[PDB]
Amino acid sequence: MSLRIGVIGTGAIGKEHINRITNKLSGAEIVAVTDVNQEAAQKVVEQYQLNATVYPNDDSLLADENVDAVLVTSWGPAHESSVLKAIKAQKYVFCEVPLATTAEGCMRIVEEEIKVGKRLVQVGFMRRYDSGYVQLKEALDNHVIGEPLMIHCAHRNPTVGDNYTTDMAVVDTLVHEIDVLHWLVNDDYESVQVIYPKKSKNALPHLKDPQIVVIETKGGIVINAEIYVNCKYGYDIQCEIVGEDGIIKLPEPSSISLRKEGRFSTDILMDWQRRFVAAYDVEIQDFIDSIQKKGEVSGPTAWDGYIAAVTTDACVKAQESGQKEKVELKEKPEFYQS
């Protein structure tokens, strides 16, 4: 029996997930949609040739007893409301980043989920499903390099639009690093500090770019995360983990090599949408498969969403203060302990 999925929010993000579920992945079907703009939802049902009911809002969609699970892919600030409604309707939910805009919002979700007795919520941190990050996690789990001590990472983007602001470097961009790193080393964040190098000619007058975020974990791991969103040369993710006895490093995306006109070279991606395509497929397939096999979801958790929200807020605070800011995290509930 195919998992029957309703989609809340049919913009670009929702459309891509609908496409993968309908045309690429196994074991599920889109049976319902809703968008703030009903005309857009109807258009999407036609665009993708869905056998799907269009609902005026998420309450009515969630009341459809033929809906087993939902994707929350609406406007970012609206995610939290739908997640809470889904947990109350006892439906599984895949929520695109962010889970909620504040630590308090994530806590509301956490408290409601912990009542359910099983995991309903998976948050869309797709990097955990990227084959490179999976290999890193495997090496760490096997103690290949001894205790991790330091992490050097970078998130670089060729250019950004006029609307991209300083806070977004952490809130929209670094949030992915924020999730993946504490997962990799099984250690929680203690503090963050932001340092601004000289501003790049490639950045608009209002934007502070590049920036360096220094994050320390409770166990003493020191992370220096470079964010440079106008680096011109490409879209580029780098991550190196220095352990006691060795060093592991995320690979480049696969590319044929070229010898030509005095250079030996490989491609660097220009389009961020080409970097993690496979991970988005695998994360949604895991959502489907875990529900079918286990009756509960298995990816990044509501708690991970909480960690990200708390840490993002602290980074933005540090962007403004110039001081080292504490990351104040509640103790992780046994409900979320591996």
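In case it trips you up, residue 1 is the first one in the sequence shown, and so on.
Trainee: Do the CA atoms of 230-238 or those of 202-210 have the higher mean B-factor in the entry?
Mentor: Between 230-238 and 202-210, it is 202-210.
Trainee: Once you work out the mean C-alpha B-factor for both 147-155 and 114-122 from the entry, which is higher?
Mentor: According to the PDB entry, the answer is 114-122.
Trainee: Based on what the PDB entry reports, which of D179, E252, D130, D162 has the top C-alpha B-factor?
Mentor: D162 has the highest C-alpha B-factor of those listed.
Trainee: Sort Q49, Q285, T311, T301 by C-alpha B-factor from the entry and give me just the highest.
Mentor: Among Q49, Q285, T311, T301, the highest C-alpha B-factor in the entry belongs to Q49.
Trainee: Rank-wise, by C-alpha B-factor, drop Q90 into the lowest, middle or highest third of its chain.
Mentor: As the PDB entry reports it, the C-alpha B-factor of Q90 lands in the highest third of its chain.
Trainee: Taking the C-alpha B-factors as the PDB entry records them, is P77 in the lowest, middle or highest third of its chain?
Mentor: For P77, whose C-alpha B-factor we compare with every modelled residue in the chain, the answer is the middle third.
Trainee: By its CA B factor, does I8 count among the lowest, middle or highest third of the modelled residues in the chain?
Mentor: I8: CA B-factor falls in the lowest third of its chain.
Trainee: Based on the deposited C-alpha B factors for this chain, I'd like to know if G105 is in the lowest, middle or highest third.
Mentor: According to the entry, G105 has a C-alpha B-factor in the chain's middle third.
Trainee: Going by what the PDB entry lists, where does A40 fall on CA B-factor within its chain: lowest, middle or highest third?
Mentor: Tercile = highest for this residue's CA B-factor.
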